[PDB]
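**Student:**
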Ligand SMILES: Nc1ncnc2c1ncn2[C@@H]1O[C@H](COP(=O)(O)OP(=O)(O)OP(=O)(O)O)[C@@H](O)[C@H]1O
């Protein structure tokens, strides 16, 4: 089961870390107005 | 000061009164955690003075023992639930010398855990009738009593007490008792040792220690 | 000053003011510190903490009453302030003294029940009843020390007026009866029950443990401190009052005045050290 | 073939979060003060949950009591006696008419609050798990996702009382779970120093994240659902991205040698609130990995910590039997 | 990914000597207490050795003292079990184990049936 799961999860559509960081930054910048903490 | 608000505060007051009534009986009872191996025969001590919950009363004081066994063999996470128990009961198969090393390591890991370092442990060396007839560790040659069955029983007790006194000072204590298979007085033992434990906490909070 | 014998109380103005001043300053200092810990950096409010808080309050009130008395003693037995201030000062002095005694008694009884009865005393809830016990103690001490306001007056003898501690003349029999009753009720019973409680506590602790002998050492220390501070004070005060009620020599009265006035600083020192012994 | 996965994760790594967010204005020193102290529980608080209405919260304690508080007025709406004093999880239904719990009894007990002229009673008991119940979260009034210490998670049907699907591929006891905002996925962190993303409909594991070093204790989804955080026993919080399939941040500082018990995000996701076993709580800059505040008001151990749905407050329960609302 | 890989497993006569070395990876070596875990044909999971994070506290099973001296290298991320006095009653599989938490010598769950931070093991036959 472990090798089958590894083979299943090895074929994924992974994107660049820069894009994920930019998306997180965009969300936190866009929603910073409505965070009362 | 509305009617609905006043009813809410009244209901909260009734709930708090019930909570105080429950607090009266919660502190007057003592929780005991039962630990040991599969062959330890801890259920024998359970049925003599009676997740399995065992409730018994000695000197009008209510004791409630918990033998949790519906779990896996990885207990580093759920053992944190038994943090405010009055005592931990350890039951040891003293007559099966093959597993005394694992029992000793189990007691050692209980002793040095950060979440159990303030909880005292009552020790029951259960299978003593089998130990007497029956009679690994190389220290039995040079060991001297502080027949041979007395040497063996006190040597196992001394191994447990050496592990206990190696690291536990001033916060929790070990209470070794020599249990038999048909003992009918372990309720008195648990009562007296919990009494000593609460006396020690009392002396700590009375600024005398 | 209708007295035939004249006391050579030249020792007082040198002994009593400095002792009262030092006791008051330390007492206020460490009692304020302990109250600060209790009200700011502590949320373990047991029965012991309740009794200790009330004891600290009584000690602080005693140390607050002391400055007027050191002023009076340094003024050469002259009280030019008022006639009600003298009554209030004596009333607060004795009220705080006996409140401290009764709260030490409450601490001793609590500790005795906790040690002799570790498990059965958990059955009945007594941590919340500590506030009721403390309030009853305060009410009882105030009610018992109310006649001090009547008895203590301000009278002028020569070129100076005096803050009477005992009573006015021609009323000494009533106050000696009242003081015998008060001495009985607020010292003979509390000291005896403190003695019994700590003796029984030590006894058991001594019946087997480094902790179970350190606790006995602490018991001996606190019991000896209470005895040394309070027993000679009350014994000499009773002897002084009885011999003034009777008729004796001037030298004997001077000697008992010596002893009473030198045992007063120990009574103040009890409030001085109580915080260090019971918290630190 | 784990080396191939590591190489593929390395190939997509071109901008570290510490570098791509190095020119962002730091937040101020977050100073939050206690507003309410909830003082009705007898023993240590084990868990808490917030109602969707952002006013009512449920909590669990060692004394086997389930108290529903009114955070605005500090008044206890309910006080439910449990059959077992050993619980570790609380769940408040989104509709607010049900409350669940569980623990060493291995049973998720469900209590109906909106009864007809009757007190709160056990509506159902889900008894198919093997290990101790660690976490449970209502999907709706009829579905609840549960994790336990038998290295499995399960989705239940409350009306019938048996599991619908089981999420079995995991090692070590699953300690926490976090529902996605879309309620179509959930992540679970276990004691094998790994976290897995599950599909509720498919019942299969889609991703695995193995950055941590010890037992993962808490897990929380990012507000947009594209990331999550994990607090573990290695005294370190880390941030993982579902799309990048790799760790992005490591909220670790020296002189912190205690495990993280609770993890929560703010409404915007800028603040990561983490409870610790060193008596206190920390506020983390999620995209800068730098400290921003401390909630030092508890006395024994911060066991639970949650941020309100509208984000107006953070409630932190502790082992000192007190809950605290912060703002 | 916490990975522990061992080596040094081969058939040895009742005499002779052997050495085992586990190559730790994926975690900080010097913050954790580590141990040695033994198996055998048809029995459970045993416990042989123990060493602290600093290396100043060593504990042995009662049947291995004076024969199975251990070592660790925080710089090289390795932990050893030098076997010198072998007996035929030593055929085993040896796993290099680790405490679950740092600064924590609990190792509560080290010898469990399933343990995440344990190595695959090398068969030491005699
Ligand atoms: N029988 C007496 N003979 C001589 N002097 C007395 C006598 N009784 C009282 N005095 C004097 O009267 C003063 C105060 O009388 P009182 O008894 O009320 O106070 P006290 O208890 O003696 O001690 P203190 O005066 O310091 O308060 C004392 O200074 C004392 O010298």
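Residue numbers (PDB author numbering), protein chains in the order written: chain G, 14 to 50; chain A, 12 to 61, 207 to 253, 264 to 301, 311 to 321, 332 to 394; chain I, 21 to 228, 237 to 308; chain B, 14 to 340; chain N, 1 to 126. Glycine included, each C-beta is placed from N, C-alpha and C at the ideal position.
I want to verify the contact list: residues of chain A whose CB lies under 9 Å from the CB of residue 121 of chain N, in sequence order.
**Tutor:** As a first step, residue 121 of chain N must be located in the fifth chain, where it is residue number 121. The premise fails here: residue 121 of chain N is roughly 18 Å from chain A at the closest Cβ pair, so nothing lies under 9 Å.
**Student:** Using a Cβ distance threshold of 8 Å, determine whether the segment 261-279 of chain B contacts the segment 288-301 of chain B, with at least three qualifying pairs required.
**Tutor:** With a cut-off of 8 Å, the segment 288-301 of chain B and the segment 261-279 of chain B count as touching, because enough Cβ pairs lie within range.
**Student:** Is there a Cβ from chain N that is less than 7 Å from the Cβ of residue 312 of chain A?
**Tutor:** Here residue 312 of chain A is taken as the residue at index 137 of the second chain, counted from 1. Yes, contact with chain N.
**Student:** For chain A, is any of its Cβ atoms less than 7 Å away from the one on residue 89 of chain B?
**Tutor:** Your numbering for residue 89 of chain B matches position 76 in the fourth chain. Yes, residue 89 of chain B counts as interfacial toward chain A.
**Student:** Are there any heavy atoms of ligand 3 lying less than 6 Å away from the beta-carbon of residue 41 of chain A, as far as the coordinates show?
**Tutor:** By its list of ligands, the structure shown excludes ligand 3, since it contains just ligand 1.
**Student:** Between the alpha carbons of residue 100 of chain I and residue 108 of chain I, how many angstroms are there, rounded?
**Tutor:** Indexing the third chain from 1 puts residue 100 of chain I at position 80. Indexing the third chain from 1 puts residue 108 of chain I at position 88. Rounded to whole angstroms, residue 100 of chain I to residue 108 of chain I spans 15 Å at the Cα level.
**Student:** Rounded to the nearest angstrom, what separates residue 50 of chain A and residue 333 of chain A at their Cα positions?
**Tutor:** Counted from its first residue, the second chain places residue 50 of chain A at position 39. Counted from its first residue, the second chain places residue 333 of chain A at position 148. Each residue's alpha carbon lies about 24 Å from the other.
**Student:** Among the candidates B/117, B/340 and B/133, whose CA atom is the shortest distance from the CA of residue 228 of chain A?
**Tutor:** The sequence position of residue 228 of chain A within the second chain is 72, counting from 1. The residue with the shortest Cα to Cα distance from residue 228 of chain A is B/117.
**Student:** Find the residues of chain I that neighbour residue 394 of chain A, judging by a C-beta separation of less than 7 Å, and give them in chain order.
**Tutor:** Stepping through the second chain from its first residue, residue 394 of chain A is reached at position 209. Within 7 Å Cβ-Cβ: 239, 242 and 243.
**Student:** With distance defined between alpha-carbon atoms, name the residue in I/295, I/282, I/291 and I/297 nearest to residue 24 of chain I.
**Tutor:** For the purposes of this step, residue 24 of chain I is taken as the residue at position 4 of the third chain. It is I/282 whose Cα lies nearest to the Cα of residue 24 of chain I.
**Student:** Anything in the segment 295-324 of chain B with a Cβ closer than 7 Å to a Cβ of chain A? List those residues in chain order, please.
**Tutor:** Going along the segment 295-324 of chain B in chain order, one finds no residue with a Cβ nearer than 7 Å to chain A.
**Student:** Rounding to the nearest angstrom, what Cα-Cα distance links residue 20 of chain G and residue 209 of chain B in this structure?
**Tutor:** Working through the first chain from its first residue, we reach residue 20 of chain G at position 7. Working through the fourth chain from its first residue, we reach residue 209 of chain B at position 196. Rounded to the nearest angstrom, the two C-alpha atoms are 15 Å apart.
**Student:** Take the Cβ of residue 279 of chain I as the centre, count every other Cβ of all protein chains shown within 10 Å, and call the residue buried at 16 or more, exposed below.
**Tutor:** For the purposes of this step, residue 279 of chain I is taken as the residue at position 251 of the third chain. Exposed.
**Student:** How about residue 142 of chain I: is its C-beta nearer than 7 Å to some C-beta of chain A?
**Tutor:** Counting from one through the third chain, the residue named residue 142 of chain I turns up at place 122. Yes, because at least one Cβ of chain A sits closer than 7 Å to the Cβ of residue 142 of chain I.
**Student:** Taking C-beta to C-beta, are residue 69 of chain I and residue 213 of chain I nearer than 7 Å?
**Tutor:** Position 49 of the third chain, counted from the start, is the residue given in the question as residue 69 of chain I. Position 193 of the third chain, counted from the start, is the residue given in the question as residue 213 of chain I. Cβ distance not < 7 Å, so residue 69 of chain I and residue 213 of chain I don't count as in contact.
**Student:** Quick one: what's got a C-beta closer than 8 Å to residue 207 of chain A's C-beta in the same chain, skipping five residues either side?
**Tutor:** Mapped onto the second chain, residue 207 of chain A falls at position 51. Taken in chain order, the residues that qualify are 222, 223, 224, 225 and 226.
**Student:** Report buried or exposed for residue 211 of chain A, applying the criterion of at least 16 other Cβ atoms within 10 angstroms of its Cβ.
**Tutor:** Residue numbering aside, residue 211 of chain A sits at position 55 when the second chain is read from its first letter. Residue 211 of chain A is exposed by the Cβ-count criterion.
**Student:** Threshold first: 3 residues or longer. Then list the beta strand (DSSP E) segments lying entirely within the segment 140-184 of chain I, N to C.
**Tutor:** DSSP runs (the beta strand (DSSP E)) wholly in the segment 140-184 of chain I: 174-176 and 181-183.
**Student:** Any beta carbon of chain B sitting closer than 7 Å to that of residue 105 of chain N?
**Tutor:** Within the fifth chain, residue 105 of chain N is the residue found at index 105, counting from 1. No, because no Cβ of chain B sits closer than 7 Å to the Cβ of residue 105 of chain N.
**Student:** Excluding the 5 residues flanking residue 268 of chain A on each side, which residues of the same chain have their C-beta closer than 7 Å to its C-beta?
**Tutor:** As a working mapping, residue 268 of chain A is identified with position 102 in the second chain. Excluding positions up to five away in sequence, the list is empty.
**Student:** Would you list the one or two residues that DSSP bridges to residue 38 of chain N?
**Tutor:** As a first step, residue 38 of chain N must be located in the fifth chain, where it is residue number 38. Partner(s): N/94.
**Student:** Going by the CB atoms, is the gap between residue 86 of chain I and residue 40 of chain I shorter than 7 Å?
**Tutor:** Taking the first residue of the third chain as 1, we reach residue 40 of chain I at position 20. Taking the first residue of the third chain as 1, we reach residue 86 of chain I at position 66. Their beta carbons are under 7 Å apart, which means residue 40 of chain I touches residue 86 of chain I by this criterion.
**Student:** Regarding residue 23 of chain I and ligand 1, is the C-beta to nearest heavy atom distance less than 6 Å?
**Tutor:** As a position in the third chain, residue 23 of chain I is number 3, starting the count at 1. Within the cutoff, so yes.
**Student:** Report the partner residues of residue 319 of chain B according to the DSSP bridge assignment.
**Tutor:** Here residue 319 of chain B refers to the residue found at position 306 when the fourth chain is read from its first residue. Answer is B/328.
**Student:** One question on the structure: do residue 296 of chain B and residue 306 of chain B come within less than 7 Å of each other, judged by their Cβ atoms?
**Tutor:** Counted from its first residue, the fourth chain places residue 296 of chain B at position 283. Counted from its first residue, the fourth chain places residue 306 of chain B at position 293. Closer than 7 Å, so yes.
**Student:** Please tell me whether, using a cut-off of 6 Å, the distance from the CB of residue 184 of chain I to the nearest non-hydrogen atom of ligand 1 is below it.
**Tutor:** Locating residue 184 of chain I in the third chain gives position 164, counting from the first residue. Within the cutoff, so yes.
**Student:** On the criterion of 16 or more Cβ atoms from any shown chain inside 10 Å, does residue 361 of chain A qualify as buried, or is it exposed?
**Tutor:** Translated into the one-based positions of the second chain, residue 361 of chain A becomes position 176. Counting Cβ neighbours within 10 Å, residue 361 of chain A comes out buried, since at least 16 surround it.
**Student:** Does the segment 97-112 of chain N come into contact with the segment 67-74 of chain N, if we say contact requires no fewer than three beta-carbon pairs (one atom in each stretch) closer than 8 Å?
**Tutor:** No, because fewer than three Cβ pairs between the segment 97-112 of chain N and the segment 67-74 of chain N fall closer than 8 Å, the two stretches do not touch.
**Student:** In or out: residue 159 of chain B buried (at least 16 other Cβ within 10 Å) or exposed?
**Tutor:** For the purposes of this step, residue 159 of chain B is identified with residue 146 of the fourth chain, where counting begins at 1. The residue is buried, with at least 16 neighbouring Cβ atoms inside 10 Å.
**Student:** Any C-beta of chain N within less than 8 Å: which residues of the segment 234-266 of chain B qualify?
**Tutor:** Per Cβ criterion, the list reads 246, 247 and 248.
**Student:** Consider the C-beta atom of residue 272 of chain I and the heavy atoms of ligand 1; say whether any pair is separated by less than 6 Å.
**Tutor:** Position 244 of the third chain, counting from 1, holds the residue named residue 272 of chain I. Correct: residue 272 of chain I has its Cβ closer than 6 Å to ligand 1.
**Student:** List the residues that DSSP assigns as beta-bridge partners of residue 289 of chain B.
**Tutor:** Here residue 289 of chain B is taken as the residue at index 276 of the fourth chain, counted from 1. Note: residue 289 of chain B sits in a beta bridge opposite B/273.
**Student:** Distance cutoff 7 Å, beta carbons only. Does residue 45 of chain G sit that close to anything in chain B?
**Tutor:** Locating residue 45 of chain G in the first chain gives position 32, where the first residue counts as 1. Yes, its Cβ sits closer than 7 Å to a Cβ of chain B.
**Student:** Taking beta-carbon pairs under 8 Å, can you tell me which members of the segment 181-194 of chain B lie near chain A?
**Tutor:** Within the segment 181-194 of chain B, the residues whose Cβ lies closer than 8 Å to some Cβ of chain A are 185, 186 and 188, listed in chain order.
**Student:** Interface residues of chain A around residue 47 of chain N at Cβ under 8 Å?
**Tutor:** What you label residue 47 of chain N is simply residue 47 of the fifth chain in a count that begins at 1. Chain A residues near residue 47 of chain N: 267, 268 and 271.
**Student:** Have a look at the DSSP bridge pairing and note the partners of residue 29 of chain A.
**Tutor:** If you number the second chain from 1, residue 29 of chain A lands on position 18. In DSSP, residue 29 of chain A forms no bridge with anything.
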